[PDB]
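A single chain comes next, written as structure tokens; it is the form solved without nicotinamide-adenine-dinucleotide.
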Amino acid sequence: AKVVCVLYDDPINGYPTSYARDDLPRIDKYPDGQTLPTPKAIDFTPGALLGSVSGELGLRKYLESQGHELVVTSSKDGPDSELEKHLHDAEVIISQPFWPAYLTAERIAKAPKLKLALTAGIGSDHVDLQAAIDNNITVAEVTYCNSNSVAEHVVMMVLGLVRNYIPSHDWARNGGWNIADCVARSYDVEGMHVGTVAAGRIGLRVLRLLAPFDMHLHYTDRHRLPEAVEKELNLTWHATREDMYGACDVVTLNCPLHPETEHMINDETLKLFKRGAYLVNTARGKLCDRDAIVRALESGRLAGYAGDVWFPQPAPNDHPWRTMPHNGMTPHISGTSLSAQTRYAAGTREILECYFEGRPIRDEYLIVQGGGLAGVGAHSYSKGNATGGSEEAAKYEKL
């Protein structure tokens, strides 16, 4: 069959064959006890760059030696992109969230041979789940591959915003000293209240990392955590998102994107935050109304915004979050550190091996199968389409 694999470009200075360090650290398992990916074999060296076009997720030897054709490209947005020439006979489409091939209803409709949309990473909101349901496309993603990596990135951005890292590094590199300019907006997080929206693999992990900072922890979610967990971390529960925001100095979003959470942070909900609250979002950019966030920063309602997710992706060159006041943005990188890519590259192969030998794909990897939500998808997503507006990604130009 044909596999289209959409990956991001290689570094601007070429694809490296040697790295800052020699190996990755050992990891035996994930916190809830889920095993790591178990492909029958891997053909890449752990620690390399796997998610760019020249890395290929290490899938080429495997795929060809079995008769299939692997098309690799970064060209994905716009009516004359490479993805668009290959839709007519694609059996399998693979993309990562960081550089997502948006499978809208019109793209699925052009794709008669399409059986499997695979997300190399976590979060499958860049596929129209309704259309995937209607056309019997399987949708899978690599559960847990980077949950802990995302949680680290959250804590990094919370400390960075609150202590004012980025502007302070600028004063050091431009030759200044400027202590008062740096600490005019520098606080400790000790004693602050921080809440997470959702406390699944990422959000629970965030709570556990912030406990020894002596922050007061707050959460909300569909269901409560086990009473053992709440008493271990001394948690304060809020029955709704909207009651949580007013109680928090720092809010972190860690829920999925679907019609029930699209634009939940807007001009109306921002009125509920404390003046000078801090907001961190590494979940999905579309959880926030884009201009409402710039107004809150400009007015002082928010003291700081930080995240690595944007809508669409890539974000147009003039996307306002790039230059708004008091921001600690990065491009979408938390779930594609070198350490994570090796786990998701392995998981991607494990799903392909199952697909191609006719074995069942692990439930924890499933989002959509056989005309409805399935596996992890059933507990996390609503039927619906989040991919409207996605065309605007075609406006981005490489530097």
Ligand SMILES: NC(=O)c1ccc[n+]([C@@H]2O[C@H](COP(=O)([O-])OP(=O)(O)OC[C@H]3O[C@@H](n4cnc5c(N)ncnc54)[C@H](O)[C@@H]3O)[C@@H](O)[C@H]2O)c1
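So that there is no doubt, residue numbering starts at 1 and follows the sequence shown.
What follows is about the form solved in complex with nicotinamide-adenine-dinucleotide, which we do not show.
- Counting atoms of nicotinamide-adenine-dinucleotide, placed from its pose in the deposited complex by superposing the C-alphas round the site, that lie within 2.4 Å of this form's backbone or C-beta atoms gives zero, so the site is open.
- The single contact residue among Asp77, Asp128, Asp308, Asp249, judged by any heavy atom lying within 4.5 Å of nicotinamide-adenine-dinucleotide in the deposited complex, is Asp308.
- The partner is absent here, but in the deposited complex a heavy atom of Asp221, alone among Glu230, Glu152, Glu84, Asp221, sits within 4.5 Å of nicotinamide-adenine-dinucleotide.
- Partner contacts here mean any heavy atom within 4.5 Å of nicotinamide-adenine-dinucleotide in the deposited complex, and among 332-340, 64-72, 37-45, 345-353 they occur only in 332-340.
- Residue contact check for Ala386: none of its heavy atoms lie within 4.5 Å of nicotinamide-adenine-dinucleotide in the deposited complex.
- Interface residue remark: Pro167 is not counted as part of the site for nicotinamide-adenine-dinucleotide in the deposited complex, having no heavy atom within 4.5 Å.
- Looking at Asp291, you'd find every heavy atom of it more than 4.5 angstroms from nicotinamide-adenine-dinucleotide in the deposited complex.
- By the criterion of a heavy atom within 4.5 Å, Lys286 is excluded from the residues contacting nicotinamide-adenine-dinucleotide in the deposited complex.
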